[PDB]
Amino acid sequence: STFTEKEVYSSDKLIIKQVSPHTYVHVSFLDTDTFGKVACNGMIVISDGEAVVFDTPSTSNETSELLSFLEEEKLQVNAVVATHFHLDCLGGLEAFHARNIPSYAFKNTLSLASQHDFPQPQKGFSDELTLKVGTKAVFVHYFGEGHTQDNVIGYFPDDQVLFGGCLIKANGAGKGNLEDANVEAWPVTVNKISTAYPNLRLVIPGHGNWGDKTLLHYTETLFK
């Protein structure tokens, strides 16, 4: 019953893996002070020749590599979503903006990005955003604070896939960077996610290996 994952792009700086019929993980790498060399995940949803991207790679160069691949595949890139204000979500937004691809994020991500002098998403939403992807859609939803105050998820119901971003930890992973975190809210937010999407088959964390609903339960337990 498992989908046979397939690598569809690989370079020194970026890997893209198909993880379900319509969803893909993009992986870029961050050499950071306190935690080592860090893989950062985003998601691409592709259907009917159209694509929506969740998170940019941290750097402009890696984001251009991502967009070059989507262009070689002849895809219309409809939107990019920054799932919170940190650079492993939006460091590469100008590559999207240069191509007239609109960027979206939680309303508070816009103000936080501006206050940090980071690339700014163009369009804010307050609650739940629907983004068309071909004949399907992907949904962006705020369930509360956790990894940051503004973090949002992406939900693609056709394949029962959740992009948890940095609010969701890989199975067995540590708590990671808590500098901007609300650890009181975090388990409450994650339980709201589990309760909303009980049928999930695939959960993609912001860092590390993706998996199934286990990741939601693991993350809630880690912060309980």
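Note that residue numbering begins at 1 and tracks the sequence as displayed.
Give the stretch, out of 191 to 199 and 55 to 63, with the larger mean C-alpha temperature factor in the deposited entry. Between 55 to 63 and 191 to 199, it is 55 to 63 that shows the higher mean C-alpha B-factor.
So, looking at the entry's B-factor column for Cα atoms, which has the higher mean, 34 to 42 or 65 to 73? Comparing averages over the C-alpha atoms only gives 34 to 42.
According to the Cα B-factor stored in this entry, which of the following is highest: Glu179, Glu184, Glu50, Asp158? By C-alpha B-factor in the record, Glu179 ranks first.
In terms of the CA temperature factor given in the entry, to which third of its chain does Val19 belong: lowest, middle or highest? Its C-alpha B-factor belongs to the middle third of this chain's values.
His86's Cα B-factor: lowest, middle or highest third of the chain? Ranked within chain, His86 CA B lands in the middle tercile.
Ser11 - Cα temperature factor, lowest/middle/highest third of chain: Highest third, going by the recorded CA B-factors of the chain.
Third of chain Cα B-factors occupied by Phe143: As the PDB entry reports it, the C-alpha B-factor of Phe143 lands in the lowest third of its chain.
By the record's CA B-factor, is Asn100 among the lowest, middle or highest third of residues in the chain? Ranked within chain, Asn100 CA B lands in the highest tercile.
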